[PDB]
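*Asks:* One structure, pasted below without further comment.
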Amino acid sequence: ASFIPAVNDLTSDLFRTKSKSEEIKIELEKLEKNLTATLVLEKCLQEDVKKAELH
Amino acid sequence: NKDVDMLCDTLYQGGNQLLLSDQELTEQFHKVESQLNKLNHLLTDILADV
């Protein structure tokens with residue numbers, strides 16, 4: 001009677017701990033695309049600063 | 001990110017090349033220059049005839 005709740009909880013928390021971690025990796029792509037697009041925008045805008053100075 | 005986005009959209013105004021000058025004002029300057037060149041060509045033809 002002490003084995004059964006401990007065994008059930010050990011079975012359950014093993015998958016509970018790996019659960020809810022998928023939210024991080026599915027939210028990661030939005031930040032990744034935002035950072036990459038803004039970084040290539042940053043280098044494009046630095047070149048735009050140089051070309052605007054030339055103009 | 002939104003600030004960067006409409007700042008880029010306002011400065012580019014749909015062109016890949018940067019548009020510092022007002023584009024319709026720029027082509028207004030260009031057509032004034034071209035029509036002035038045509039008038040100058042007519043005037044110099046009249047000067048040569050005179």
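Identifiers in the structure tokens: chain A, B, ... in order shown; residue index from 1 per chain; ligand index from 1 in order shown.
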Using only C-alpha atoms, find which residues of chain B lie within 9 Å of chain A and jot them down as an mmCIF file with N, CA, C and O atoms, in the first residue's frame.
*Replies:*
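Okay, out-v6.cif is ready:
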data_model
loop_
_atom_site.group_PDB
_atom_site.id
_atom_site.type_symbol
_atom_site.label_atom_id
_atom_site.label_comp_id
_atom_site.auth_asym_id
_atom_site.auth_seq_id
_atom_site.Cartn_x
_atom_site.Cartn_y
_atom_site.Cartn_z
ATOM 1 N N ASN B 1 10.733 45.722 -32.274
ATOM 2 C CA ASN B 1 10.691 45.113 -33.599
ATOM 3 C C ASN B 1 9.710 45.835 -34.508
ATOM 4 O O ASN B 1 10.014 46.085 -35.679
ATOM 5 N N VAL B 4 11.353 49.153 -35.541
ATOM 6 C CA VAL B 4 12.302 48.893 -36.621
ATOM 7 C C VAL B 4 11.564 48.646 -37.931
ATOM 8 O O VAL B 4 11.973 49.137 -38.993
ATOM 9 N N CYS B 8 11.897 51.062 -41.185
ATOM 10 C CA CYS B 8 12.398 50.550 -42.456
ATOM 11 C C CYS B 8 11.395 50.774 -43.580
ATOM 12 O O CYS B 8 11.776 51.142 -44.697
ATOM 13 N N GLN B 17 16.431 50.244 -53.095
ATOM 14 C CA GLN B 17 17.371 51.322 -52.845
ATOM 15 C C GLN B 17 16.760 52.322 -51.871
ATOM 16 O O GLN B 17 15.547 52.549 -51.872
ATOM 17 N N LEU B 18 17.609 52.898 -51.023
ATOM 18 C CA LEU B 18 17.164 53.901 -50.067
ATOM 19 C C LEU B 18 16.668 55.154 -50.779
ATOM 20 O O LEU B 18 17.194 55.546 -51.825
ATOM 21 N N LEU B 19 15.640 55.778 -50.209
ATOM 22 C CA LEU B 19 15.032 56.985 -50.764
ATOM 23 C C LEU B 19 15.158 58.100 -49.729
ATOM 24 O O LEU B 19 14.237 58.333 -48.942
ATOM 25 N N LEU B 20 16.300 58.788 -49.729
ATOM 26 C CA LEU B 20 16.447 59.962 -48.873
ATOM 27 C C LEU B 20 15.627 61.129 -49.407
ATOM 28 O O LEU B 20 14.919 61.803 -48.651
#
*Asks:* List as a ChimeraX atom specification the protein and nucleic acid residues near segment 21-26 of chain B, meaning an atom at most 12 Å away when only C-alpha atoms are counted, but skip any in the same chain fewer than 3 places from it.
*Replies:* /A:52,55 /B:10-15,17-18,29-33
*Asks:* Write the selection just made, keeping N, CA, C and O atoms, as a PDB file, in the first residue's frame?
*Replies:*
ATOM      1  N   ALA A  52      23.647  55.946 -47.741  1.00  0.00           N
ATOM      2  CA  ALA A  52      22.983  57.224 -47.534  1.00  0.00           C
ATOM      3  C   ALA A  52      23.997  58.335 -47.318  1.00  0.00           C
ATOM      4  O   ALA A  52      23.776  59.466 -47.753  1.00  0.00           O
ATOM      5  N   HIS A  55      25.164  59.099 -50.806  1.00  0.00           N
ATOM      6  CA  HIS A  55      24.153  59.896 -51.495  1.00  0.00           C
ATOM      7  C   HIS A  55      24.119  61.326 -50.968  1.00  0.00           C
ATOM      8  O   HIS A  55      23.949  62.276 -51.742  1.00  0.00           O
TER       9      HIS A  55
ATOM     10  N   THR B  10       9.107  53.126 -43.763  1.00  0.00           N
ATOM     11  CA  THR B  10       9.016  54.548 -44.064  1.00  0.00           C
ATOM     12  C   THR B  10      10.229  55.024 -44.854  1.00  0.00           C
ATOM     13  O   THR B  10      10.099  55.838 -45.776  1.00  0.00           O
ATOM     14  N   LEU B  11      11.421  54.527 -44.516  1.00  0.00           N
ATOM     15  CA  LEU B  11      12.610  54.992 -45.225  1.00  0.00           C
ATOM     16  C   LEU B  11      12.730  54.365 -46.611  1.00  0.00           C
ATOM     17  O   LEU B  11      13.158  55.034 -47.560  1.00  0.00           O
ATOM     18  N   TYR B  12      12.362  53.089 -46.757  1.00  0.00           N
ATOM     19  CA  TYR B  12      12.463  52.447 -48.066  1.00  0.00           C
ATOM     20  C   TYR B  12      11.376  52.935 -49.019  1.00  0.00           C
ATOM     21  O   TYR B  12      11.663  53.238 -50.184  1.00  0.00           O
ATOM     22  N   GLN B  13      10.131  53.026 -48.534  1.00  0.00           N
ATOM     23  CA  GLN B  13       8.950  53.379 -49.336  1.00  0.00           C
ATOM     24  C   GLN B  13       8.796  52.483 -50.564  1.00  0.00           C
ATOM     25  O   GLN B  13       8.536  52.950 -51.675  1.00  0.00           O
ATOM     26  N   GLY B  14       8.962  51.178 -50.360  1.00  0.00           N
ATOM     27  CA  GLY B  14       8.710  50.205 -51.400  1.00  0.00           C
ATOM     28  C   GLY B  14       9.835  49.989 -52.387  1.00  0.00           C
ATOM     29  O   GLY B  14       9.691  49.154 -53.288  1.00  0.00           O
ATOM     30  N   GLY B  15      10.944  50.706 -52.254  1.00  0.00           N
ATOM     31  CA  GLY B  15      12.096  50.538 -53.127  1.00  0.00           C
ATOM     32  C   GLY B  15      13.227  49.855 -52.380  1.00  0.00           C
ATOM     33  O   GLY B  15      13.443  50.117 -51.195  1.00  0.00           O
ATOM     34  N   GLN B  17      16.431  50.244 -53.095  1.00  0.00           N
ATOM     35  CA  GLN B  17      17.371  51.322 -52.845  1.00  0.00           C
ATOM     36  C   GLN B  17      16.760  52.322 -51.871  1.00  0.00           C
ATOM     37  O   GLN B  17      15.547  52.549 -51.872  1.00  0.00           O
ATOM     38  N   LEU B  18      17.609  52.898 -51.023  1.00  0.00           N
ATOM     39  CA  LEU B  18      17.164  53.901 -50.067  1.00  0.00           C
ATOM     40  C   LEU B  18      16.668  55.154 -50.779  1.00  0.00           C
ATOM     41  O   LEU B  18      17.194  55.546 -51.825  1.00  0.00           O
ATOM     42  N   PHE B  29      11.815  67.433 -60.050  1.00  0.00           N
ATOM     43  CA  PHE B  29      13.077  68.089 -60.387  1.00  0.00           C
ATOM     44  C   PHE B  29      13.612  67.596 -61.726  1.00  0.00           C
ATOM     45  O   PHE B  29      14.106  68.390 -62.537  1.00  0.00           O
ATOM     46  N   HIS B  30      13.506  66.288 -61.976  1.00  0.00           N
ATOM     47  CA  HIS B  30      13.993  65.720 -63.231  1.00  0.00           C
ATOM     48  C   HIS B  30      13.207  66.233 -64.436  1.00  0.00           C
ATOM     49  O   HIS B  30      13.799  66.560 -65.471  1.00  0.00           O
ATOM     50  N   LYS B  31      11.877  66.315 -64.327  1.00  0.00           N
ATOM     51  CA  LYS B  31      11.095  66.798 -65.464  1.00  0.00           C
ATOM     52  C   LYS B  31      11.253  68.301 -65.657  1.00  0.00           C
ATOM     53  O   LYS B  31      11.227  68.775 -66.801  1.00  0.00           O
ATOM     54  N   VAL B  32      11.437  69.061 -64.569  1.00  0.00           N
ATOM     55  CA  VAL B  32      11.769  70.479 -64.701  1.00  0.00           C
ATOM     56  C   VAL B  32      13.098  70.642 -65.429  1.00  0.00           C
ATOM     57  O   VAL B  32      13.223  71.468 -66.341  1.00  0.00           O
ATOM     58  N   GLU B  33      14.094  69.825 -65.067  1.00  0.00           N
ATOM     59  CA  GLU B  33      15.395  69.877 -65.728  1.00  0.00           C
ATOM     60  C   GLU B  33      15.297  69.497 -67.202  1.00  0.00           C
ATOM     61  O   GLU B  33      15.920  70.136 -68.056  1.00  0.00           O
TER      62      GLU B  33
END
